[PDB]
$ cat upload12.cif   # mmCIF, C-alpha atoms and all ligand atoms
data_input
loop_
_atom_site.label_atom_id
_atom_site.label_comp_id
_atom_site.auth_asym_id
_atom_site.auth_seq_id
_atom_site.Cartn_x
_atom_site.Cartn_y
_atom_site.Cartn_z
CA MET A 1 -10.45 -4.69 104.10
CA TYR A 2 -14.04 -4.66 105.36
CA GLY A 3 -15.54 -8.07 106.02
CA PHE A 4 -18.05 -7.81 103.17
CA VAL A 5 -15.54 -7.97 100.31
CA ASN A 6 -13.29 -10.12 102.49
CA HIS A 7 -16.08 -12.69 102.87
CA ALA A 8 -16.72 -12.37 99.13
CA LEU A 9 -13.08 -13.32 98.58
CA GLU A 10 -13.62 -16.44 100.69
CA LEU A 11 -16.80 -17.09 98.70
CA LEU A 12 -14.87 -16.89 95.42
CA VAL A 13 -12.56 -19.75 96.35
CA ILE A 14 -15.29 -21.95 97.84
CA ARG A 15 -17.61 -21.66 94.84
CA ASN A 16 -15.30 -21.58 91.81
CA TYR A 17 -12.75 -24.05 93.17
CA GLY A 18 -14.08 -25.85 96.22
CA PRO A 19 -14.43 -25.65 100.04
CA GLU A 20 -11.62 -28.20 100.36
CA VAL A 21 -9.35 -25.93 98.36
CA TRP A 22 -10.42 -23.00 100.49
CA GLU A 23 -9.28 -24.61 103.74
CA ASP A 24 -5.95 -25.56 102.14
CA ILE A 25 -5.32 -21.90 101.29
CA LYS A 26 -6.72 -20.90 104.68
CA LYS A 27 -3.90 -22.96 106.21
CA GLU A 28 -1.25 -21.34 104.03
CA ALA A 29 -2.47 -17.79 104.63
CA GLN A 30 -2.09 -18.60 108.33
CA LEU A 31 -5.73 -17.63 108.80
CA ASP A 32 -6.82 -21.01 110.12
CA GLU A 33 -7.89 -19.40 113.39
CA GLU A 34 -9.75 -16.57 111.67
CA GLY A 35 -12.85 -17.82 109.90
CA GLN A 36 -15.34 -15.19 110.98
CA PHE A 37 -15.34 -13.10 107.78
CA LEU A 38 -18.00 -10.70 109.07
CA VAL A 39 -18.47 -7.17 107.76
CA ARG A 40 -17.76 -5.41 111.07
CA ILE A 41 -14.53 -7.30 111.75
CA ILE A 42 -12.52 -5.38 109.14
CA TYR A 43 -9.63 -7.67 108.27
CA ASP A 44 -6.16 -6.17 107.87
CA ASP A 45 -5.37 -5.41 104.24
CA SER A 46 -2.08 -7.23 104.73
CA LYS A 47 -4.01 -10.41 105.57
CA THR A 48 -5.90 -10.04 102.31
CA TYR A 49 -2.77 -9.66 100.19
CA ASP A 50 -1.08 -12.55 101.98
CA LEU A 51 -4.23 -14.64 101.55
CA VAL A 52 -4.23 -14.20 97.77
CA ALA A 53 -0.48 -14.85 97.83
CA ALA A 54 -1.22 -18.27 99.30
CA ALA A 55 -3.92 -18.82 96.70
CA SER A 56 -1.37 -17.99 94.04
CA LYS A 57 0.40 -21.16 95.18
CA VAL A 58 -2.46 -23.63 95.58
CA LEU A 59 -4.62 -22.37 92.71
CA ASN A 60 -1.54 -21.25 90.74
CA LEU A 61 -3.68 -18.23 89.84
CA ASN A 62 -1.71 -15.09 90.62
CA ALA A 63 -3.06 -12.12 92.61
CA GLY A 64 -4.06 -10.19 89.50
CA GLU A 65 -6.02 -13.16 88.20
CA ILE A 66 -7.78 -13.73 91.52
CA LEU A 67 -8.72 -10.07 91.89
CA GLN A 68 -10.14 -9.83 88.36
CA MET A 69 -12.18 -13.04 88.67
CA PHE A 70 -13.31 -11.61 92.01
CA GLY A 71 -14.85 -8.61 90.30
CA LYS A 72 -16.49 -10.88 87.74
CA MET A 73 -17.95 -13.12 90.44
CA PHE A 74 -19.00 -10.17 92.60
CA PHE A 75 -21.24 -8.75 89.87
CA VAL A 76 -22.78 -12.02 88.66
CA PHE A 77 -23.26 -13.34 92.20
CA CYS A 78 -25.17 -10.26 93.37
CA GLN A 79 -27.48 -10.38 90.34
CA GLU A 80 -27.81 -14.15 90.81
CA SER A 81 -29.05 -13.53 94.36
CA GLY A 82 -32.03 -11.78 92.80
CA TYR A 83 -31.50 -8.52 94.64
CA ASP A 84 -33.31 -5.91 92.55
CA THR A 85 -31.29 -3.34 94.48
CA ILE A 86 -28.42 -3.87 92.01
CA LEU A 87 -30.81 -2.72 89.29
CA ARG A 88 -31.60 0.49 91.15
CA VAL A 89 -28.26 1.58 92.63
CA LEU A 90 -25.32 2.62 90.44
CA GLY A 91 -27.79 3.05 87.59
CA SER A 92 -27.14 -0.64 86.95
CA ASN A 93 -24.65 0.41 84.24
CA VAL A 94 -20.98 1.40 83.86
CA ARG A 95 -21.46 5.18 83.52
CA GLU A 96 -23.78 5.56 86.48
CA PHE A 97 -21.75 2.97 88.41
CA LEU A 98 -18.55 4.99 88.12
CA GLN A 99 -20.09 8.30 89.17
CA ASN A 100 -22.35 6.67 91.79
CA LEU A 101 -19.44 5.09 93.65
CA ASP A 102 -19.47 7.94 96.18
CA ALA A 103 -23.26 7.68 96.20
CA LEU A 104 -23.20 4.20 97.73
CA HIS A 105 -20.46 5.49 100.03
CA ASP A 106 -23.10 7.51 101.86
CA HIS A 107 -26.25 5.59 100.96
CA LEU A 108 -25.04 2.12 101.90
CA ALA A 109 -23.21 3.46 104.95
CA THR A 110 -26.50 4.52 106.49
CA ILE A 111 -27.43 0.83 106.45
CA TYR A 112 -23.98 -0.56 107.25
CA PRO A 113 -22.04 1.86 109.53
CA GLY A 114 -18.29 2.07 109.05
CA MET A 115 -15.78 4.68 107.91
CA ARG A 116 -15.36 4.49 104.15
CA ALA A 117 -12.73 6.77 102.63
CA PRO A 118 -13.38 7.73 98.99
CA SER A 119 -10.77 9.78 97.16
CA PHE A 120 -11.05 9.51 93.39
CA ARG A 121 -11.47 11.71 90.32
CA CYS A 122 -12.30 11.02 86.68
CA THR A 123 -10.72 13.35 84.13
CA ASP A 124 -9.94 12.29 80.55
CA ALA A 125 -6.42 12.84 79.27
CA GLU A 126 -7.59 15.19 76.50
CA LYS A 127 -8.93 12.45 74.26
CA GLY A 128 -12.17 11.17 75.75
CA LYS A 129 -10.84 7.66 75.19
CA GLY A 130 -8.77 7.92 78.32
CA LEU A 131 -10.55 8.69 81.57
CA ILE A 132 -7.83 9.18 84.15
CA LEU A 133 -9.21 7.74 87.34
CA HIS A 134 -7.23 9.32 90.15
CA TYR A 135 -7.27 6.59 92.77
CA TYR A 136 -5.92 7.77 96.11
CA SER A 137 -5.65 4.74 98.40
CA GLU A 138 -2.90 2.79 100.18
CA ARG A 139 -4.03 -0.57 98.74
CA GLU A 140 -2.30 0.00 95.40
CA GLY A 141 -2.39 -3.68 94.47
CA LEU A 142 -6.16 -3.88 94.87
CA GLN A 143 -6.34 -2.31 91.42
CA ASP A 144 -7.42 -5.52 89.66
CA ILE A 145 -10.61 -5.52 91.74
CA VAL A 146 -11.68 -2.32 90.01
CA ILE A 147 -10.76 -3.78 86.62
CA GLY A 148 -12.83 -6.90 87.17
CA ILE A 149 -15.94 -4.96 88.17
CA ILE A 150 -15.96 -1.95 85.84
CA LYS A 151 -15.27 -3.82 82.58
CA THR A 152 -17.97 -6.35 83.45
CA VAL A 153 -20.75 -3.80 83.92
CA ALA A 154 -19.59 -1.96 80.80
CA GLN A 155 -19.72 -4.48 77.97
CA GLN A 156 -22.22 -6.89 79.54
CA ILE A 157 -24.75 -4.22 80.50
CA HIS A 158 -24.22 -1.05 78.47
CA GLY A 159 -22.80 -3.02 75.56
CA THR A 160 -19.85 -0.67 75.51
CA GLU A 161 -16.35 -2.12 75.32
CA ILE A 162 -14.02 -0.30 77.68
CA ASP A 163 -10.62 -1.15 79.11
CA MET A 164 -8.97 0.11 82.27
CA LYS A 165 -5.20 0.03 82.62
CA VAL A 166 -3.03 1.26 85.48
CA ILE A 167 -0.68 3.92 84.12
CA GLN A 168 0.65 5.13 87.47
CA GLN A 169 1.34 3.09 90.59
CA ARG A 170 1.28 4.52 94.12
CA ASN A 171 4.79 4.32 95.54
CA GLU A 172 7.21 6.68 97.26
CA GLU A 173 7.54 8.51 93.94
CA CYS A 174 3.78 8.92 93.54
CA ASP A 175 1.13 9.10 96.27
CA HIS A 176 -1.53 8.24 93.69
CA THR A 177 -2.45 5.35 91.43
CA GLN A 178 -3.87 6.43 88.08
CA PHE A 179 -6.01 4.42 85.68
CA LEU A 180 -6.82 5.12 82.04
CA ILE A 181 -10.23 4.07 80.72
CA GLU A 182 -10.38 3.67 76.96
CA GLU A 183 -14.04 3.51 75.97
CA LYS A 184 -14.96 2.28 72.50
CA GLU A 185 -18.42 3.57 71.63
CA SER A 186 -17.28 3.34 68.02
CA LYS A 187 -18.28 -0.30 68.39
CA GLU A 188 -21.92 0.73 68.84
CA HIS A 189 -22.40 4.28 67.53
CA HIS A 190 -20.36 3.68 64.38
CA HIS A 191 -22.57 1.01 62.88
CA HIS A 192 -23.84 3.11 59.98
CA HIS A 193 -24.56 0.09 57.81
CA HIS A 194 -27.75 -1.61 56.66
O1 LIG B 1 -9.45 2.21 98.91
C1 LIG B 1 -10.32 1.39 98.56
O2 LIG B 1 -10.29 0.16 98.76
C2 LIG B 1 -11.55 1.95 97.84
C3 LIG B 1 -11.80 3.39 98.29
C4 LIG B 1 -13.09 3.93 97.65
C5 LIG B 1 -14.31 3.25 98.28
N1 LIG B 1 -14.36 1.82 97.93
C6 LIG B 1 -14.89 1.67 96.57
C7 LIG B 1 -14.49 0.32 95.98
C8 LIG B 1 -14.91 0.23 94.66
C9 LIG B 1 -14.07 0.65 93.63
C10 LIG B 1 -14.50 0.55 92.30
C11 LIG B 1 -15.75 0.02 92.01
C12 LIG B 1 -16.59 -0.40 93.04
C13 LIG B 1 -16.16 -0.29 94.35
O3 LIG B 1 -16.93 -0.66 95.40
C14 LIG B 1 -16.84 -2.07 95.58
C15 LIG B 1 -17.37 -2.41 96.82
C16 LIG B 1 -16.55 -2.41 97.94
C17 LIG B 1 -17.06 -2.77 99.18
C18 LIG B 1 -18.40 -3.12 99.30
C19 LIG B 1 -18.90 -3.52 100.53
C20 LIG B 1 -19.49 -2.33 101.28
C21 LIG B 1 -19.90 -2.74 102.54
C22 LIG B 1 -19.03 -2.64 103.62
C23 LIG B 1 -19.44 -3.07 104.88
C24 LIG B 1 -20.71 -3.59 105.06
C25 LIG B 1 -21.58 -3.68 103.98
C26 LIG B 1 -21.17 -3.26 102.72
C27 LIG B 1 -19.22 -3.11 98.18
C28 LIG B 1 -18.71 -2.76 96.94
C29 LIG B 1 -15.21 1.09 98.88
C30 LIG B 1 -14.44 0.62 99.94
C31 LIG B 1 -14.20 1.42 101.06
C32 LIG B 1 -13.39 0.96 102.09
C33 LIG B 1 -12.82 -0.31 102.00
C34 LIG B 1 -12.00 -0.77 103.03
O4 LIG B 1 -11.53 0.03 103.87
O5 LIG B 1 -11.72 -1.99 103.11
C35 LIG B 1 -13.06 -1.11 100.90
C36 LIG B 1 -13.87 -0.65 99.87
#

$ encode --input "upload12.cif" --output "structure tokens" --more "lines below"
Ligand SMILES: O=C(O)CCCCN(CCc1ccccc1OCc1ccc(CCc2ccccc2)cc1)Cc1ccc(C(=O)O)cc1
Amino acid sequence: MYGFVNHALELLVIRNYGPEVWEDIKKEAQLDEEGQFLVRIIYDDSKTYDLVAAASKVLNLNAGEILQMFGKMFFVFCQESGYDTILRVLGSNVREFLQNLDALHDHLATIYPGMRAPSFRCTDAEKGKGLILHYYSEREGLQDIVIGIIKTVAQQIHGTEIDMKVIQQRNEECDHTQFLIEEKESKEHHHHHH
């Protein structure tokens, strides 16, 4: 886990709960000696999962909850910072966001060096209302992060209600985690009333 999102995780606890609560969890995650949280440090993914596991005790909010509220915070925080860059990159909307993921992979890497491995595909399961996001990554439980970001930019920006559910989990049986995105444009396009 690169220090950017790792520091954003720290940020989540400090802001929404409190700095006092943060240091309590920091004790439990056995990360009392590690408070750098810088982008080039690259914290072990294990330390991130164990961190949220500790937060699941103190906050009582389970990993899935923390990861989703992380995505929510991440979006609103960036826009709150007043960075107009979020309005330019990723088209500032769900559709562009999804397909521009690999775009920031290269574009933002030129500014912040560091190996970023993107392996993902988006093919609908013969329905349209079911984009199968083929997510190839070892952090299978980091799925809720995607959920918390994508749904937020969808209905809040584009006004389109979409839901992403994990239909396949990376394990020994399957090297890939698959998501299904059910987009409801019938909420907007099917308003033939006046
Ligand atoms: O496998 C995985 O995790 C994902 C594999 C696909 C690439 N993955 C997309 C995540 C993503 C998925 C869906 C939607 C939006 C997403 O982007 C959210 C996002 C993530 C990170 C930053 C800070 C960037 C930064 C990094 C350093 C300095 C400055 C800026 C910004 C925004 C990016 C990524 C790559 C490697 C690592 C790692 O290795 O930890 C972690 C994440």

$ residues_around --input "upload12.cif" --residues "residue 142 of chain A" --least-positions-apart "6" --cutoff "10 Å" --atoms "all atoms listed in the file" --output "count of residues only"
7

$ closest_residue --input "upload12.cif" --among "A:124, A:96, A:23, A:185" --to "ligand LIG 1 (chain B)" --atoms "only C-alpha atoms and all ligand atoms"
A:96

$ residues_near_ligand --input "upload12.cif" --ligand "ligand LIG 1 (chain B)" --cutoff "6 Å" --atoms "only C-alpha atoms and all ligand atoms" --output "MDAnalysis selection string"
chainID A and resid 1:2 4:5 39 112 116:118 137 146

$ atom_distance --input "upload12.cif" --atom1 "atom CA of residue 179 of chain A" --atom2 "atom CA of residue 16 of chain A"
28.3 Å

$ residues_near_point --input "upload12.cif" --point "(-10.0, 4.4, 89.4)" --cutoff "8 Å" --atoms "all atoms listed in the file" --output "PyMOL selection string"
chain A and resi 120-122+132-135+143+146+177-179

$ atom_distance --input "upload12.cif" --atom1 "atom CA of residue 156 of chain A" --atom2 "atom CA of residue 8 of chain A"
21.1 Å

$ build_atoms --input "upload12.cif" --residues "segment 64-100 of chain A" --atoms "N, CA and C atoms" --output "PDB file, in the frame of the given file"
ATOM      1  N   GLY A  64      -3.319 -10.927  90.513  1.00  0.00           N
ATOM      2  CA  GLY A  64      -4.060 -10.190  89.500  1.00  0.00           C
ATOM      3  C   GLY A  64      -5.219 -10.988  88.934  1.00  0.00           C
ATOM      4  N   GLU A  65      -4.995 -12.279  88.730  1.00  0.00           N
ATOM      5  CA  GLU A  65      -6.020 -13.160  88.200  1.00  0.00           C
ATOM      6  C   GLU A  65      -7.166 -13.309  89.192  1.00  0.00           C
ATOM      7  N   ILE A  66      -6.808 -13.515  90.454  1.00  0.00           N
ATOM      8  CA  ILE A  66      -7.780 -13.730  91.520  1.00  0.00           C
ATOM      9  C   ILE A  66      -8.650 -12.491  91.726  1.00  0.00           C
ATOM     10  N   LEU A  67      -8.023 -11.329  91.680  1.00  0.00           N
ATOM     11  CA  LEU A  67      -8.720 -10.070  91.890  1.00  0.00           C
ATOM     12  C   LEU A  67      -9.682  -9.754  90.746  1.00  0.00           C
ATOM     13  N   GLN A  68      -9.283 -10.074  89.518  1.00  0.00           N
ATOM     14  CA  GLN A  68     -10.140  -9.830  88.360  1.00  0.00           C
ATOM     15  C   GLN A  68     -11.342 -10.776  88.367  1.00  0.00           C
ATOM     16  N   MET A  69     -11.097 -12.059  88.625  1.00  0.00           N
ATOM     17  CA  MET A  69     -12.180 -13.040  88.670  1.00  0.00           C
ATOM     18  C   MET A  69     -13.075 -12.772  89.882  1.00  0.00           C
ATOM     19  N   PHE A  70     -12.530 -12.059  90.864  1.00  0.00           N
ATOM     20  CA  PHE A  70     -13.310 -11.610  92.010  1.00  0.00           C
ATOM     21  C   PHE A  70     -14.349 -10.600  91.574  1.00  0.00           C
ATOM     22  N   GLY A  71     -13.926  -9.614  90.782  1.00  0.00           N
ATOM     23  CA  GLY A  71     -14.850  -8.610  90.300  1.00  0.00           C
ATOM     24  C   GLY A  71     -15.937  -9.204  89.423  1.00  0.00           C
ATOM     25  N   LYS A  72     -15.548 -10.168  88.598  1.00  0.00           N
ATOM     26  CA  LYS A  72     -16.490 -10.880  87.740  1.00  0.00           C
ATOM     27  C   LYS A  72     -17.540 -11.601  88.572  1.00  0.00           C
ATOM     28  N   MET A  73     -17.072 -12.362  89.557  1.00  0.00           N
ATOM     29  CA  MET A  73     -17.950 -13.120  90.440  1.00  0.00           C
ATOM     30  C   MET A  73     -18.862 -12.190  91.227  1.00  0.00           C
ATOM     31  N   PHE A  74     -18.281 -11.127  91.767  1.00  0.00           N
ATOM     32  CA  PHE A  74     -19.000 -10.170  92.600  1.00  0.00           C
ATOM     33  C   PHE A  74     -20.262  -9.670  91.896  1.00  0.00           C
ATOM     34  N   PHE A  75     -20.118  -9.281  90.636  1.00  0.00           N
ATOM     35  CA  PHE A  75     -21.240  -8.750  89.870  1.00  0.00           C
ATOM     36  C   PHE A  75     -22.287  -9.833  89.601  1.00  0.00           C
ATOM     37  N   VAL A  76     -21.849 -10.962  89.053  1.00  0.00           N
ATOM     38  CA  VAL A  76     -22.780 -12.020  88.660  1.00  0.00           C
ATOM     39  C   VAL A  76     -23.455 -12.643  89.879  1.00  0.00           C
ATOM     40  N   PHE A  77     -22.717 -12.765  90.980  1.00  0.00           N
ATOM     41  CA  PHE A  77     -23.260 -13.340  92.200  1.00  0.00           C
ATOM     42  C   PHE A  77     -24.398 -12.489  92.746  1.00  0.00           C
ATOM     43  N   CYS A  78     -24.165 -11.182  92.847  1.00  0.00           N
ATOM     44  CA  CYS A  78     -25.170 -10.260  93.370  1.00  0.00           C
ATOM     45  C   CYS A  78     -26.456 -10.323  92.544  1.00  0.00           C
ATOM     46  N   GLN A  79     -26.315 -10.307  91.222  1.00  0.00           N
ATOM     47  CA  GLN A  79     -27.480 -10.380  90.340  1.00  0.00           C
ATOM     48  C   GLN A  79     -28.141 -11.754  90.458  1.00  0.00           C
ATOM     49  N   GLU A  80     -27.324 -12.783  90.670  1.00  0.00           N
ATOM     50  CA  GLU A  80     -27.810 -14.150  90.810  1.00  0.00           C
ATOM     51  C   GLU A  80     -28.653 -14.289  92.084  1.00  0.00           C
ATOM     52  N   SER A  81     -28.328 -13.491  93.099  1.00  0.00           N
ATOM     53  CA  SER A  81     -29.050 -13.530  94.360  1.00  0.00           C
ATOM     54  C   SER A  81     -30.478 -13.003  94.187  1.00  0.00           C
ATOM     55  N   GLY A  82     -30.702 -12.282  93.095  1.00  0.00           N
ATOM     56  CA  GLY A  82     -32.030 -11.780  92.800  1.00  0.00           C
ATOM     57  C   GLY A  82     -32.338 -10.487  93.520  1.00  0.00           C
ATOM     58  N   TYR A  83     -31.308  -9.801  93.997  1.00  0.00           N
ATOM     59  CA  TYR A  83     -31.500  -8.520  94.640  1.00  0.00           C
ATOM     60  C   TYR A  83     -31.723  -7.435  93.597  1.00  0.00           C
ATOM     61  N   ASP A  84     -32.950  -6.934  93.531  1.00  0.00           N
ATOM     62  CA  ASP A  84     -33.310  -5.910  92.550  1.00  0.00           C
ATOM     63  C   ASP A  84     -32.649  -4.578  92.889  1.00  0.00           C
ATOM     64  N   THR A  85     -32.004  -4.526  94.046  1.00  0.00           N
ATOM     65  CA  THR A  85     -31.290  -3.340  94.480  1.00  0.00           C
ATOM     66  C   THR A  85     -30.134  -3.017  93.529  1.00  0.00           C
ATOM     67  N   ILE A  86     -29.533  -4.051  92.941  1.00  0.00           N
ATOM     68  CA  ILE A  86     -28.420  -3.870  92.010  1.00  0.00           C
ATOM     69  C   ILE A  86     -28.900  -3.231  90.704  1.00  0.00           C
ATOM     70  N   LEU A  87     -30.205  -3.292  90.482  1.00  0.00           N
ATOM     71  CA  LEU A  87     -30.810  -2.720  89.290  1.00  0.00           C
ATOM     72  C   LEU A  87     -31.133  -1.249  89.521  1.00  0.00           C
ATOM     73  N   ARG A  88     -31.262  -0.877  90.786  1.00  0.00           N
ATOM     74  CA  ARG A  88     -31.600   0.490  91.150  1.00  0.00           C
ATOM     75  C   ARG A  88     -30.339   1.326  91.384  1.00  0.00           C
ATOM     76  N   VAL A  89     -29.465   0.841  92.253  1.00  0.00           N
ATOM     77  CA  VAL A  89     -28.260   1.580  92.630  1.00  0.00           C
ATOM     78  C   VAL A  89     -27.213   1.500  91.520  1.00  0.00           C
ATOM     79  N   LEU A  90     -26.413   2.561  91.407  1.00  0.00           N
ATOM     80  CA  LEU A  90     -25.320   2.620  90.440  1.00  0.00           C
ATOM     81  C   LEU A  90     -25.855   2.641  89.017  1.00  0.00           C
ATOM     82  N   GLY A  91     -27.136   2.993  88.888  1.00  0.00           N
ATOM     83  CA  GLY A  91     -27.790   3.050  87.590  1.00  0.00           C
ATOM     84  C   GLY A  91     -27.813   1.711  86.866  1.00  0.00           C
ATOM     85  N   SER A  92     -27.263   0.689  87.516  1.00  0.00           N
ATOM     86  CA  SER A  92     -27.140  -0.640  86.950  1.00  0.00           C
ATOM     87  C   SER A  92     -26.412  -0.597  85.597  1.00  0.00           C
ATOM     88  N   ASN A  93     -25.462   0.332  85.455  1.00  0.00           N
ATOM     89  CA  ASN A  93     -24.650   0.410  84.240  1.00  0.00           C
ATOM     90  C   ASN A  93     -23.321   1.101  84.525  1.00  0.00           C
ATOM     91  N   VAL A  94     -22.348   0.920  83.634  1.00  0.00           N
ATOM     92  CA  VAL A  94     -20.980   1.400  83.860  1.00  0.00           C
ATOM     93  C   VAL A  94     -20.902   2.902  84.179  1.00  0.00           C
ATOM     94  N   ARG A  95     -21.558   3.731  83.372  1.00  0.00           N
ATOM     95  CA  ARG A  95     -21.460   5.180  83.520  1.00  0.00           C
ATOM     96  C   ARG A  95     -21.967   5.632  84.876  1.00  0.00           C
ATOM     97  N   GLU A  96     -23.181   5.221  85.199  1.00  0.00           N
ATOM     98  CA  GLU A  96     -23.780   5.560  86.480  1.00  0.00           C
ATOM     99  C   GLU A  96     -22.982   4.938  87.614  1.00  0.00           C
ATOM    100  N   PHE A  97     -22.540   3.698  87.412  1.00  0.00           N
ATOM    101  CA  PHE A  97     -21.750   2.970  88.410  1.00  0.00           C
ATOM    102  C   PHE A  97     -20.548   3.796  88.842  1.00  0.00           C
ATOM    103  N   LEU A  98     -19.768   4.235  87.863  1.00  0.00           N
ATOM    104  CA  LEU A  98     -18.550   4.990  88.120  1.00  0.00           C
ATOM    105  C   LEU A  98     -18.825   6.244  88.941  1.00  0.00           C
ATOM    106  N   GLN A  99     -19.815   7.020  88.527  1.00  0.00           N
ATOM    107  CA  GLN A  99     -20.090   8.300  89.170  1.00  0.00           C
ATOM    108  C   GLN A  99     -20.928   8.129  90.444  1.00  0.00           C
ATOM    109  N   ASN A 100     -21.514   6.951  90.623  1.00  0.00           N
ATOM    110  CA  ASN A 100     -22.350   6.670  91.790  1.00  0.00           C
ATOM    111  C   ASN A 100     -21.575   5.950  92.882  1.00  0.00           C
TER     112      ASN A 100
END
